[PDB]
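First comes one chain, alone, set out as structure tokens in the form deposited in one PDB entry.
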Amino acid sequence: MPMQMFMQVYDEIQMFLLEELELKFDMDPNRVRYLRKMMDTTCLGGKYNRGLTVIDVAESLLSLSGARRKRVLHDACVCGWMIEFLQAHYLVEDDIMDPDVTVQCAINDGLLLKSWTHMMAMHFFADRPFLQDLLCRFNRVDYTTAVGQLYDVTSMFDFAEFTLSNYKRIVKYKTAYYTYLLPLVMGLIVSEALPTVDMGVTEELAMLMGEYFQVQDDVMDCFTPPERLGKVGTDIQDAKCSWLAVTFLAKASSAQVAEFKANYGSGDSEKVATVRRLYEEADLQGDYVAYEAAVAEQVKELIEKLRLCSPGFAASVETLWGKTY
């Protein structure tokens, strides 16, 4: 039922976008079908984690507060596809980083996906009192993610910024705002229960869960084999400010830091294996267990503070926290 409606609203959104291009933007069928295929390729196929969270939050707030039900659930599905389209926009921008027409189309497709989030919001929410507030928080978080990518890209240029606090700054703006806080807030807005929740506890929860997932994501990028990860680990070669790097630099000797700096950020197969050897020989994945258990304990506590004033909202956050844990 949740996924079956989420895909049904996708058909309704796509039909509006493509018909608007044909009827209002004077687009020929060849380019309409091309944009249909590009939309299905970049937006469909994933796990829809962010989009389904919006639907999960809106369900808990209408059942725990009738034509109002159909309106809120449909609005949540549109907001869910706004984030899914925004993630597709981010994925296209990543493909560009790594008279050529296929690059011109990739750049143009990234801008179209970003614009489609505005068009589907201006259309389905034209008669909603929260349209202006929804677009403001949406674009502010998109601005936050771009600022977060600047911290992540320039984390090794200006090892001075390889600290745990700066790691939290990167995860906060690069991941935590649009992956965890944005879907929760969009669920509160379509349910019109935005002023009925403690946003401080909610924001603090999103940062903790965002940081928890990133530490697990950094370890998998290093030790999980390529076939079991769905990609090829590249944080070592890219000299990324990962949780493993900042935790190593804090508990290593001068030679181990010297050997780390002489091997980190290189593409040689044996210099990367030397980095992994330094990670293994420091019992870092022992610190990984305790660090994650400490964060998970902080997640359980903040959910209870949020339930005293918003019970049904915390139930949907326990579901979101389960999909990460």
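One rule holds for the numbers: they count along the sequence shown, beginning at 1. For the two forms, the rigid core is made up of the largest set of C-alpha atoms that agree within 1.5 Å on superposition.
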Is it the case that, in at least a third of the other entries compared (those modelling both flanking residues), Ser60 has no coordinates? no
Unmodelled stretch of the deposited sequence separating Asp127 from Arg128, binned as none, 1 to 3, 4 to 9 or 10 or more: none
Using what the record says, work out whether there is a hole in the model between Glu227 and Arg228 and how many deposited residues it spans (none, 1 to 3, 4 to 9, 10 or more). none
Stretch with the higher entry mean CA B-factor, where the candidates are 283 to 291 and 34 to 42: 283 to 291
Segment of higher mean CA temperature factor, 140 to 148 or 102 to 110: 102 to 110
Residue of maximum C-alpha B factor among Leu17, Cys309, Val9, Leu23, per deposited coordinates: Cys309
Residue, from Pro29, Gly66, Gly265, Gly51, that the PDB entry assigns the highest Cα B-factor: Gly66
Compare the C-alpha B factor of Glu93 with those of the other modelled residues in its chain, then answer lowest, middle or highest third. lowest
Using only modelled residues of the chain, where does the Cα B factor of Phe157 rank: lowest third, middle third or highest third? highest
Comparing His118 with the other modelled residues of its chain, is its CA B-factor in the lowest, middle or highest third? lowest
For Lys240, does the deposited CA B-factor place it in the lowest, middle or highest third of the chain? middle
Relative to the other modelled residues in the chain, which third contains the C-alpha temperature factor of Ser165: lowest, middle or highest? middle
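Below: the form deposited in another entry, not depicted.
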Displaced residue between this form and the one not shown, judged on C-alpha after the rigid core is fitted, out of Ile107, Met199, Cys136, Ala146 (threshold 2 Å or more): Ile107
Comparing between this form and the one not shown on the rigid core: C-alpha of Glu301 shifted by 2 Å or more? no
Once you line up the core, how about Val289: does its CA shift reach 2 Å between this form and the one not shown? no
Comparing between this form and the one not shown on the rigid core: C-alpha of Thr42 shifted by 2 Å or more? yes
